[PDB]
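Take the sequence shown: its letter number 148 is residue 150 in the authors' numbering, and every next letter is one higher.
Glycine included, each C-beta is placed from N, C-alpha and C at the ideal position.
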Amino acid sequence: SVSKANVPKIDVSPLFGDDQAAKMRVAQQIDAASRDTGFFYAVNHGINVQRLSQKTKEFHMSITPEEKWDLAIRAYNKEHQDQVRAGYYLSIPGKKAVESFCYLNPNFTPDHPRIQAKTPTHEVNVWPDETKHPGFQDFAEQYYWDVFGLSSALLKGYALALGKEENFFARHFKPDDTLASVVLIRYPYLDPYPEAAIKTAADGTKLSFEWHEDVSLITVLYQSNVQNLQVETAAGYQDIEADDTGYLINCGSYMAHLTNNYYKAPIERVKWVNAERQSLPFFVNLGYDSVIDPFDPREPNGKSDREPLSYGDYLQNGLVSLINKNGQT
Ligand SMILES: CC(C)[C@@H](NC(=O)[C@H](CS)NC(=O)CCC[C@H](N)C(=O)O)C(=O)O
Ligand SMILES: [Fe+3]
């Protein structure tokens, strides 16, 4: 038997406004979900997710094997040593079904001082030819800023939920330095579906991606309408319902660190489903040198002995460890 996770739908629209009491009522709902299963759906978010899905499908379904090699990250193309994060993540027919395209802050250009300094985790995005993919780069860059704006509002809700002023997290989430990423993931329908691309969990469930905590402050995720995600609870994994009209939100392990685990990073995994679908996360990452002072809302004085952790170090280590543990995607 597999039970179903409680995933409340939260109208986040007050977080864009100036009704402070309405924002507190949003924050209470975020607090409740964050202390329960860890997930909620953000509704009335203001983003056109139909267009996001349409433009993403047009890209996934028209890009050619030649273009994938040309955009491939270093794990698939030794010529591209500077591409550890941004670029194309190839499928391997017969072995690996998933493929994806990841891009970073569009403000990371050769002029940017973090690029000049060669700081880890900063890279200049790579893009297909405009004539072969008309409008794609423009769509993808505008989406980055659209979901950045939603994420900033959500971070105001999380700050208020934890008893802080609304800019406690958002003040570190800035267009000039954010390490946030978008990933456009295609999970294909395949007939036959190669068993080599299916993992078996300890509890017997067939999986496409194994258990993990997210490497993020929060994760802001759109998926098409195919149920696949599960969250771990003490009584076992529970199914998270799909909703292709909203964004599924959860905290990452940076949030758990800084709240002394008061808002835990939920453990999630991806069930194997033989269905064509999209998984489009935005990982809300701060700047390379961002440090939030840990606290513990459970204590009257909010005191935590946890050491402040620089976001860049957290991200570099977390992305490597996730590849080591759950495979190169
Ligand atoms: C569960 C979804 C969010 C999605 N999983 C994922 O995106 C998984 C687990 S959160 N995330 C990752 O592998 C980290 C990608 C980091 C990215 N290349 C970057 O440089 O910033 C999936 O559908 O598999
Ligand atoms: Fe995850």
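Decide yes or no for the touch test of the segment 144 to 155 against the segment 207 to 224: beta carbon pairs closer than 8 Å, at least 3 of them.
Here the segment 144 to 155 lies against the segment 207 to 224, with 3 or more beta-carbon pairs under 8 Å apart.
For residue 2, verify whether its CB is less than 7 Å away from any heavy atom of ligand 2.
An answer regarding residue 2 cannot be provided, because it is not within the stretch 3 to 331 covered by the chain.
To which residues does DSSP link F285 through a beta bridge?
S183, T221
Just checking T331 against ligand 2 - is the residue's beta carbon closer than 7 Å to any of the ligand's heavy atoms?
No, Cβ of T331 sits at least 7 Å from all heavy atoms of ligand 2.
Can you list, in chain order, the residues of its chain with a C-beta nearer than 6 Å to that of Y90? Leave out the 5 residues immediately preceding and following it.
Residues of the same chain with a CB within less than 6 Å of the CB of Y90, apart from the 5 flanking positions on each side, are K70, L73, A74, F103 in chain order.
Beta-carbon proximity of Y146 to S281, cut-off 8 Å
Not closer than 8 Å, so no.
How big is the Cα-Cα spacing for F61 and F138?
7 Å
For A267, which residues from the same chain have a beta carbon less than 7 Å from its beta carbon, with the 5 sequence-adjacent residues on both sides left out?
Cβ neighbours of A267 beyond the five flanking positions: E215, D216, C253, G254, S255, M257, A258.
Does the beta carbon of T221 fall short of 7 Å from some heavy atom of ligand 2?
yes
Exposed or buried, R116, counting other C-beta atoms within 10 Å across all chains shown (16 or more means buried)?
buried
For ligand 2, residues whose Cβ lies under 6 Å from any non-hydrogen atom
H214, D216, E270
So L288 and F175 are supposed to be a Cβ contact under 8 Å. How far apart are they, rounded?
About 6 Å; that satisfies the 8 Å criterion.
Could you compute how far the alpha carbon of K208 sits from the alpha carbon of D113?
46 Å
To the nearest angstrom, report how far apart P177 and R76 are at their CA atoms.
26 Å
Among the candidates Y160, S93, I32, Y195, whose CA atom is the shortest distance from the CA of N8?
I32
Any non-hydrogen atom of ligand 1 closer than 7 Å to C253 Cβ:
For ligand 1, not one heavy atom lies less than 7 Å from the Cβ of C253.
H214 - partner residues in DSSP beta bridges
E270
For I12 and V45, believed in contact at Cβ under 8 Å, the rounded distance:
7 Å
Tell me, please, which residues DSSP counts as bridged to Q280.
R188
Residues that DSSP places opposite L250 in a beta bridge:
Here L250 is bridged, per DSSP, to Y43, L223.
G165: which of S312, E301, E309 sits nearest, CA to CA?
For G165, the nearest C-alpha among the options comes from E301.
Backbone CA spacing between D179 and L260 [nearest angstrom]
20 Å
Could you check if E81 is buried or exposed, using at least 16 other CB atoms within 10 Å of its CB as the buried criterion?
exposed
Supposed close pair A199, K120 - CB separation, criterion 8 Å
About 36 Å; that fails the 8 Å criterion.
With a cut-off of 8 Å, do at least 3 Cβ pairs link the segment 243 to 250 to the segment 17 to 33?
no
Return yes when at least one heavy atom of ligand 1 lies under 7 Å from the C-beta of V272, else no.
True, at least one ligand heavy atom lies under 7 Å from that Cβ.
Cβ-Cβ separation, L311 to residue 338 (assumed contact under 8 Å), whole Å:
Since the first residue shown for the chain is 3 and the last is 331, residue 338 is missing from the structure and cannot be characterised.
According to DSSP, what are the bridge partners of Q240?
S5, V233
Quick check on the burial criterion: 16 or more other C-beta atoms within 10 angstroms. Buried or exposed for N230?
buried
Tell me which residues share the same chain as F141 and place their Cβ nearer than 7 Å to its Cβ, disregarding the 5 neighbours each side in the sequence.
Only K57 meet the Cβ criterion.
Quickly, what does DSSP pair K208 with across the bridge? List them, please.
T202
May I ask you to check if the CB of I32 is nearer than 7 Å to at least one heavy atom of ligand 1?
no
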